[PDB]
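Structure first, then comments.
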């Protein structure tokens, strides 16, 4: 019933023309992305939200744990874990290279690559990273990952969209992507722009161009930035903030008035002190109380003005509540307002935001990181850097997902209190419901080097002969 | 009774709802309702947030699978049962979360986010369609693939009328059970006309080519309805209140003052405000210095209006409307509104408890059903390919015992802690008092017990090898 | 004294007739059901109430526990236990069949059967389940169930109600039902409908039709939806909500008024900025303060509007309190406001609502489920899929209830605190005041398979050799 | 007429219907179990026989 | 004449006409406190506790 | 009481012009642009 006409007419003329999400996105995709860029780069709340996304979804570090499927290939866990630690060491050496040689621009590190990718997916709808093979043999690995902004992927020569060519994305009959038309920069605008078609998949099976996003319904080719639901409200809120600030300026910049048929200069001289005795009308020295002697006919009135904020703070309250609902981050995080909050309420809000951020990490950062991991692993294996066991039933290409199966550990949820958190972890270990690996992962560490470091610490302490720690015999 | 007829002194005399079946009250403008719901979710913070928590709570980040075949019904020794179960679980784990992204034809989704998409689709349109396709290419070990189909693609071919057994592009028998569907090819851009294709619901071999999942309310309903239907108009008018009140605050805070001179504008601003000194209409900008007391003569006056409060009860009215909206959507009010203030511990527990109960119901009846459907579809291809060794002495083959063989359950992200220490204390008391098993506790935390036991054994072995310390599971 | 006229006349003209509730219900039965459908489909509170009914009466699952009357039939305990175990296994296999072919519509499962029936009885007054024997023998059981809406049960050809034929229900002299006049699908309305007479009881003793509703007094044939005492109030609350929303819209929309004798175009040109240099009148750019120079005879009256919720929220509060009293659910559950809340108070309110929910589950969900179970069990017996003991004193037909005596376990009472409840249950079952069966049932589980699972878990742990759990020797 | 007014109130008033609802749900609740305790001492019958009966 | 309740309505009363919404008056202007005192007196007379009676 | 509220917050605003209803509502509220009483 509610979809037809509404109560008493009401929404008699609200008829959205039901369409596929591509039909609603592509015609204004560039304008929406530009508006999102403007909002993120010129609004405090948007910048704070993007910063929160980067620092919570990923955080300071993005550690890797490689878990190849030994049981699928029947390979013994001993050699499997040996190979796993070998590739872990090699990837650790490659990832944190201070030369920033993992990217062609030589301006970022792998963790910063992940953070930039997730931020780009958030405030633009998706991300694109291409893999290149430089000819410099001085490096062990010749694979470089170069990110490209979604603005740089569009229809060549601004050609109109077709069935198989939408937004410069080559799509087959089934809807899968095959190639992308990417343009170089246009700065400065004097030089013309050209386009290059990059196949999504290189013929040998090694991915060359990885495009990451999540859809809302079938046939979608480009994602939608999260700001779409709240961009209008955010811009109007910014306008309200600026206008209210200017109005307070004005109402506070007219303190009093003097009415007199006398000359203005004489009026200032005989009322507001003045210094005409010695362009700008008259400066007035700031001194004592200076009671004047206004004459029958003239008067001096002190403007009482108006309260600078007549509830506009509550309007911010509601508006950033709506916006925080829009981006899914907790309101108190977005607005940095933590008033009238108890322990349970803050814990609940943090819980919801943490759940959302883990969802984003699994479905944005984890996928991109895994893609680059497989791309690097292909080169590492083919370059004889790491040797696969001879027992391997399947070659690397056939079981590429199984061979390079891995997970990623970001910055853990560091607690509101911690002592309760640490007590929970301790008694969880005592009860046996959880293992050490999950505890370290939740705290953001990996248990294997934790055990190695504890062994080092105990042997060092025994050598120095002070006291065995709480792990002995 | 007395309320049925006319009401209290006339009252609702004109309110005579036209009682028909659900289809007759939904099919006429079903497309318009779906369009309105889609527009609401696309361009409204609250609706997008609501579907966001739907996805994030109904299934969470992961959707683990456990396969519990009914060996007693199959009359098969439990040892072969668990062996085959772990084999199929390993195969399915490899196939599902593979980075090849060849589970889906579009090569852009994974299994868990496919379930998320299905849950959201069933949320803001009341339905979900998954087409299972047998790929011809032999390059892949598993030729099965799943493509999500939007309900907008499901409609009566050529936009004709609806017969007794042909409703909204769905073919039904006399009993009302669906036999097939009419899926329209996507029509972007709006130039080339669409064409329709018949997809039989079940393959002749019993395979489920098409899977339609929705929560019907009363029999004969071939098409579900979105949850938003109860509160669409209220959401839209709340949005209009947002925009209108915001513009009103804009304009009321705009005009700070008014000057009431009978002179020309230029001289008026020069003598009352300032400006002028032009280099060489837009009037004249005024430098924002300080103080700036003007002088007046009779006939002139400078009036600066006080405007009005920007939140003259707006926040609390919005609170009530959002309360009603959340009641309609079935999620807790604070979750939708991000309004956790003034709330004690017990009340927070109660509200979260209600919302979580609703979410688990939704997951059991929506996500689990679709996931089990695709799992059975994949298991058919897996077993017919002899990649998994069926037990030798099975009383029934796979075809006739499809549900029995593929009896499975799904574990999403668990109810994540509100207190931290208290729920783990609860679990400890349970498994020491013998009122529960490790399976239930691990599931409540989104884990399975078997691999946890394996990992604990591995950690014990590793610590013993390193000679560090035996953990709290020894001998 | 109270019933005659009242103080000072007062109710001098309130003389409701005295008749059987059938005489007060049947004449407007269809209109009442129509109003109930309207409210449940368009009012958010009604939908929330129905959802609460669904997920609290039954919840997410409906487990079976078949306890036959072994002592009454004089059967051995062990044989009866084994028979119960096998029929339970068979029924559990049949109920959650992923074929969805438990019902003819192939659209829902047994838990969905119960949910749909409970909701239908809630917002329509009753529920009808039509049992059917299928001809195709491809499956073990040939029994399916349509869930016929009460809207489809009516007098054939809309004939007037007789003594023995009311609302399409055939009633004997004693008042017991004998058959029902079901109607086919009426969509679309072009094709005329026809009515089929279904006997309530099949000659052999199989329940062809199941009509479930709790009566209110003698001779009732159709139930009454719970909205009857409340629906007018809910509809008018909806109207108040919409009207207040529109009024707030209007009051906020008109911000200022321009008062001048000028030409109106020049009026906005000289006052509200305007863009006359470029009929939608004239748009106004949004910028700074924009102080104007209204001439003598002009004004820029800023409307102060009015508070948008001048007590509407508390009036709401009262109305939803009345409504929640009407449908028996807790006010906080229905209205989703949980403020000024204490632990004991929340416990009390949830306690009352839970008592109501267990009552409704026993008298609606449990009855329909039991009839379902007996209908399936008759076919199960006659198909020899389960064998009756030879000791059986009575045939299945004579002792149908005794053989099929069973109870059902819905979603457990999941508590506000739980930990206190957990300690309570622990010291119950160590104090001997209860038993594991009732505790696990209250938590929503069954004790037999939980014991089997604990045995399996300890066997697995012993095999892996980590540690014996807290159930050994 | 008094009874008719009572039914009118109980059928078309939220508070009255609610009150009847709690009457039913609290006075009797969900179940009404029986416990038969025959007066064996007055009957002069064996306690074991009384319990068996 | 019946009037449909169909949302906000703005009329155009000509000069000489006026529609005025009568503000009415509080429905419990201290009546609850008078009840407080009165049933306190009643409970005192009856011998039962006030909170039980009222 | 409820019914009172229905009409207490349903008239909202009034116009005190001396033109015809059509012209007054056009110049003070909006409307017009009719495709072809009900005001």
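Residue numbers (the entry's author numbering), protein chains in the order written: chain A, 25 to 302, 318 to 512; chain B, 24 to 303, 318 to 512; chain C, 25 to 302, 318 to 512; chain D, 55 to 107; chain E, 321 to 374; chain F, 268 to 303, 318 to 320. Think of the CB as a built atom: it goes at the ideal place given N, C-alpha and C, for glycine as much as any other residue.
The CB of residue 145/B never comes closer than 8 Å to any CB in chain A; the least such distance is about 12 Å. Interface annotation, residue 368/E: not in contact with chain F, CB-CB separation never under 9 Å. Taking a Cβ-Cβ threshold of 8 Å, the residues of chain B close to residue 62/D are 25, in chain order. Look at residue 371/B: its C-beta is under 9 Å from a C-beta on chain A. Among the residues of chain E, those whose CB is under 7 Å from the CB of residue 291/F are 332, following chain order.
Distances from the CA of residue 296/C to each of 396/C, 342/C, 324/C, 318/C were compared; the closest alpha carbon is that of 324/C.
As summarised for the segment 196 to 283 of chain B, the continuous alpha helix (DSSP H) elements at least 4 residues long and confined to that stretch are 255 to 277, given in chain order. Per DSSP, residue 393/C is one residue of the alpha helix (DSSP H) stretching across 382 to 399. Contact between the segment 51 to 65 of chain B and the segment 123 to 136 of chain B is absent: fewer than 3 CB-CB pairs across the two stretches fall below 8 Å. At least 9 Å separates the beta-carbon of residue 70/C from that of residue 260/C.
Taking 9 Å as the CB threshold, residue 353/A stays off the interface with chain C. By the C-beta criterion, the segment 233 to 252 of chain C is judged to be in contact with the segment 178 to 193 of chain C, since at least 3 inter-stretch pairs fall below 8 Å. Take the alpha-carbon of residue 231/B and the one of residue 410/B: they are about 8 Å apart.
Among the CB atoms of chain D, one or more fall inside 9 Å of the CB of residue 41/C. For the pair residue 205/C and residue 178/C, the CB atoms are nearer than the 9 Å cut-off. When rounded, the separation of the alpha-carbon atoms in residue 240/C and residue 488/C is 40 Å. Nearest neighbour of residue 167/B by Cα position, chosen from 496/B, 474/B, 414/B, 424/B, turns out to be 414/B. Remark: C-beta atoms of residue 32/B and residue 56/C do not approach each other more closely than 9 Å.
Taking a Cβ-Cβ threshold of 8 Å, the residues of chain B close to residue 123/C are 439, 440, in chain order. Fully contained in the segment 416 to 466 of chain B are the following beta strand (DSSP E) runs of length 3 or more, in chain order: 445 to 448. Under DSSP, residue 172/B forms a beta bridge with 152/B. Linking residue 341/B to residue 338/C through their CA atoms gives a straight-line distance of about 12 Å.
Between residue 172/C and residue 147/C, the C-beta gap is not smaller than 9 Å, which leaves the two residues out of contact. Here residue 89/A carries a strand assignment [DSSP, helix/strand/coil]. Neighbours of residue 71/D across chain C, judged by C-beta separation under 7 Å: 253, 365. Taking a Cβ-Cβ cut-off of 7 Å, the neighbours of residue 510/B in chain A comprise 471, given in sequence order. At a cut-off of 9 Å, the C-beta of residue 32/A has a neighbouring C-beta in chain C.
DSSP, read as helix, strand or coil, puts residue 368/B in coil. A direct Cα-Cα distance of roughly 22 Å separates residue 288/F from residue 274/F. Judged by their CB atoms, residue 449/B and residue 400/B are nearer to each other than the 9 Å cut-off.
If you ignore the 5 residues before and after residue 392/B, its C-beta comes within less than 7 Å of the C-beta of 368, 369, 372, all in its own chain and listed in chain order. Interface annotation, residue 274/C: in contact with chain E, CB-CB separation under 9 Å.
Proximity of chain A to residue 465/B at the Cβ level (cut-off 9 Å) is accounted for by 466, 467, 469, 470, 472, in chain order. Residue pairing by DSSP puts residue 189/A in a beta bridge opposite 194/A. In the DSSP assignment, residue 341/A falls within the unbroken beta strand (DSSP E) covering 338 to 341. Counting other Cβ atoms within 10 Å of its Cβ, residue 474/B reaches 16 or more and is therefore classed as buried.
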